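Novice:
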Amino acid sequence: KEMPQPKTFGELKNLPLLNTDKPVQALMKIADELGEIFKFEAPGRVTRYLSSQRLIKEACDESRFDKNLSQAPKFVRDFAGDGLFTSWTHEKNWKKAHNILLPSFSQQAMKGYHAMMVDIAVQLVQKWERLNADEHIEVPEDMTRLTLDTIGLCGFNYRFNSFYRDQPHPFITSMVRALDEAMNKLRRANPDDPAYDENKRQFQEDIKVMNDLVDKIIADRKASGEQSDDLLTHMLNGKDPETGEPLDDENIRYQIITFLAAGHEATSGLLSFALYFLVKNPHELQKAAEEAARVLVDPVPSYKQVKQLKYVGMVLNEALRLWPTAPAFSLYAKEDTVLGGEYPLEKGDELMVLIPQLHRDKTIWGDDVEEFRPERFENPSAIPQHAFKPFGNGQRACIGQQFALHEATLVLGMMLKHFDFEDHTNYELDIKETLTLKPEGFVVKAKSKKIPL
Ligand code: HEM
Ligand SMILES: NCCc1ccc(O)c(O)c1
């Protein structure tokens with residue numbers, strides 16, 4: 003069969019379609035019009051966007067397709083190096099770092115990070131406890147302060163002290179500006195136009211800022227010899243069972259930058275969309291709050307208590323279903339293959355999985371796919387393979403998944419234990435797109451339940 007393709011702009015092909023502030027949302031609209039697969043061409047390149055579980059399940063066959071670095075992660079690679087997110091499967095440092103780090107990221111490994119997660123969560127709750135009557139909460143802003151500080155404490159025992167600041171630590175400022183330069187580069191018509199000599203200079207400065215801090219901490223740690231409960235300690239002690247090698251210090255620095263750059267925002271966006279859905283759905287808020295009150299019976303939550311927050315984890319999954327915050331991933335065909343019995347592909351041909359549209363497949367979820375209903379996840383095993391994929395696929399799935407979910411369930415539990423919430427502005431959802439998705443401008447008021455920490 004011949005594939006549909008959205009509107010063209012002469013020699014620019016479909017490229018101007020992505021020249022917008024909200025390209026993923028634009029691509030979802032196109033998928034609504036064109037269906038489970040469409041061709042997307044730009045000068046010099048072609049990809050095919052997949053939206054159905056029928057075709058996505060084939061794309062997720064790792065014997066047939068492997069991760070592709072699309073343009074964004076290619077630009078992110080300029081500062082994240084050959085860290086796990088920006089490396090090809092066939093690079094020696096991807097398999098080395100995968101094998102060393104998968105055990106430091108498992109559900110069991112979360113017991114080790116739990117106390118430093120509670121440290122930063124307690125700072126968030128004390129913040130909101132200390133608001134005056136007339137004040138409000140800037141949700142994504144505070145959620146980013148929490149996840150950056152949590153990843154810096156668990157990753158390398160470094161305190162950004164985001165809740166002590168209006169201007170973030172210089173490393174955060176450089177990192178955020180670096181991710182922005184990377185994303186902006188996707189829409190830049192003439193990247194060598196002297197209008198960007200300042201943007202290129204700033205990018206190199208930002209690379210230098212991030213490198214210097216992270217190298218300095220690594221060095222500081224190797225010298226002291228201090229063992230901590232962070233990922234840096236595991237990375238200095240770890241050896242790949244396959245090669246027998248450890249990660250070198252350059253690659254360790256790249257992984258620390260990666261954890262921060264690639265993990266903080268998808269996680270803070272998750273928390274912010276989950277609070278959005280709960281304030282707009284007071285029956286589900288109340289159910290999640292009754293579970294938090296029933297389960298979090300101690301002044302600070304334990305690892306075991308967080309695991310008992312079943313309905314909070316359903317709310318988190320349902321927010322990921324409607325707005326998966328890391329919204330697409332790219333693949334390439336390892337060999338010639340026919341996709342879906344209908345679409346012949348050649349070795350090297352690219353696919354994109356458009357996650358929000360997968361998660362609207364009515365053949366899997368039913369007709370009410372736009373509705374927020376946590377109870378879809380009462381028994382997650384009922385969901386078919388490759389139907390719910392907010393964390394990617396296979397060996398190249400998110401290595402942060404259990405970290406993100408521990409963090410988000412711990413924090414949303416404490417928030418629901420400690421405050422009632424009001425959508426005092428009747429906020430209208432506005433989804434900003436960076437590397438990730440979040441509800442821009444989402445604000446709420448909290449009223450303390452006056453329960454001790
Ligand atoms: C709700 C939060 C998050 C979501 C939705 C998310 C989603 C994803 C997805 C979709 C990918 C696959 C990307 C691809 O195929 O190109 C991935 C990879 C990755 N994520 Fe996450 N992530 C989240 C949180 C995090 C956290 C907290 C960390 C680290 C502390 C993290 C670190 C990584 C890394 C290193 C990879 C690359 C893994 C590999 O390819 O070996 N992520 N993530
Ligand atoms: N750890 C998430 C990093 C990330 C960000 C955006 C995406 O589209 C993606 O596939 C992965």
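Mapping to the entry's author numbering: the sequence shown position 410 is 412, numbers consecutive. Backbone N, C-alpha and C define an ideal beta-carbon position, used for all residues, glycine too.
Quick one, which of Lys434, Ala384, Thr438, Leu356 has its alpha-carbon nearest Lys31's?
Specialist: The candidate whose alpha carbon is nearest that of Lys31 is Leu356.
Novice: If you measure between the beta carbons of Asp425 and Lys449, is that distance less than 8 Å?
Specialist: For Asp425 and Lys449, no; Cβs fall outside 8 Å.
Novice: For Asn70, count neighbouring Cβ atoms within 10 angstroms of its own Cβ and tell me buried if that reaches 16, exposed if not.
Specialist: Per the 10 Å Cβ criterion, buried.
Novice: Taking only runs that begin and end inside the stretch 68-103, name each unbroken alpha helix (DSSP H) of 4 or more residues, in chain order.
Specialist: Correct list: 73-82, 94-103.
Novice: Could you pull out every residue in the same chain whose Cβ sits closer than 6 Å to the Cβ of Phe11, ignoring the five residues on either side in sequence?
Specialist: Around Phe11: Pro18.
Novice: Below 8 Å between beta carbons: does that hold for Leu322 and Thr411?
Specialist: No; because the gap between Cβ atoms is not below 8 Å, this pair is not in contact.
Novice: Identify which residue in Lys312, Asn283, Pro284 has its Cα closest to the Cα of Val297.
Specialist: Selected option, being the one with the closest Cα: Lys312.
Novice: Are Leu341 and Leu57 touching if we call contact CB-CB under 8 Å?
Specialist: For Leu341 and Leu57, yes; Cβs fall inside 8 Å.
Novice: Kindly indicate the opening and closing residues of the beta strand (DSSP E) around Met354.
Specialist: It spans 352-356 - the beta strand (DSSP E) in which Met354 sits, taken as one unbroken run.
Novice: DSSP on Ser450, reduced to helix/strand/coil?
Specialist: Reduced to three states, the DSSP call for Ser450 is strand.
Novice: Are the CB atoms of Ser54 and residue 1 within a distance shorter than 8 Å?
Specialist: Within the shown structure, residues of the chain are numbered from 3 to 455, placing residue 1 beyond reach of any answer.
Novice: Using a threshold of 8 Å, state whether the C-beta atoms of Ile219 and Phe158 are closer than that.
Specialist: Contact: yes.
Novice: Jot down the residue ranges of each uninterrupted beta strand (DSSP E) in the stretch 16-42, minimum 3 residues, whole runs only, in chain order.
Specialist: Listed in chain order, nothing qualifies, since the stretch 16-42 has no complete beta strand (DSSP E) run of 3 or more residues.
Novice: Per DSSP, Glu140 is paired with what?
Specialist: The partner list for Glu140 (beta bridge, DSSP) reads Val445.
Novice: Give every residue of the same chain whose Cβ lies closer than 7 Å to the Cβ of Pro172, excluding the five residues on either side of it in the sequence, and list them in chain order.
Specialist: Answer for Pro172: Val211, listed in chain order.
Novice: Do three or more CB pairs link the stretch 87-107 to the stretch 237-249 at distances below 8 Å?
Specialist: Judged by Cβ distances under 8 Å, the stretch 87-107 makes contact with the stretch 237-249, as three or more pairs qualify.
Novice: Does the stretch 113-126 touch the stretch 399-413, meaning 3 or more C-beta pairs lie closer than 8 Å?
Specialist: These segments touch.
Novice: May I ask you to verify whether the stretch 290-306 touches the stretch 190-206, counting CB pairs closer than 8 Å and requiring at least 3?
Specialist: Contact between the stretch 290-306 and the stretch 190-206 is absent, because fewer than three Cβ pairs lie under 8 Å.
Novice: If you run the structure through DSSP and keep just helix, strand and coil, what is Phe11?
Specialist: Note: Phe11 maps to coil in three-state DSSP.
Novice: Considering only heavy atoms of ligand 2 and the C-beta of each residue, which residues fall inside 7 Å, strictly closer?
Specialist: Here the list is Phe87, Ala264, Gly265, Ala268, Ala328, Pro329, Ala330, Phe331, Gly394, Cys400, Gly402, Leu437, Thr438.
Novice: Please tell me whether, using a cut-off of 7 Å, the distance from the CB of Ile153 to the nearest non-hydrogen atom of ligand 1 is below it.
Specialist: Yes, the beta carbon of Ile153 sits closer than 7 Å to at least one heavy atom of ligand 1.
Novice: If we call anything under 8 Å between Cβ atoms a contact, is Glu140 one with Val445?
Specialist: Yes, the pair counts as a contact, with Cβ atoms nearer than the cut-off.
Novice: Does the Cβ of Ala406 lie closer than 7 Å to at least one heavy atom of ligand 1?
Specialist: Within the cutoff, so yes.
Novice: Taking the alpha helix (DSSP H) that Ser274 falls in, what are its first and last residues?
Specialist: Note, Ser274: alpha helix (DSSP H), 251-281.
Novice: What does a CB cutoff of less than 6 Å around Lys129 pick up in its chain, not counting 5 residues either side in sequence?
Specialist: So the qualifying residues of the chain are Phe165.
Novice: Tell me, to the nearest whole angstrom, how far the beta carbon of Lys24 is from that of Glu435; I am working on the premise that it is less than 8 Å.
Specialist: Confirmed, Cβ separation roughly 5 Å.
Novice: Please state whether DSSP places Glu435 in a helix, a strand or coil.
Specialist: In this structure, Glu435 counts as strand in the three-state DSSP scheme.
Novice: Skipping 5 residues on each side, what residues in its chain have a beta carbon closer than 6 Å to that of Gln403?
Specialist: Around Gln403: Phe393.
Novice: Could you check whether the stretch 28-48 touches the stretch 378-385, counting it as contact only if at least three pairs of C-beta atoms, one from each stretch, sit closer than 8 Å?
Specialist: No, because fewer than three Cβ pairs between the stretch 28-48 and the stretch 378-385 fall closer than 8 Å, the two stretches do not touch.
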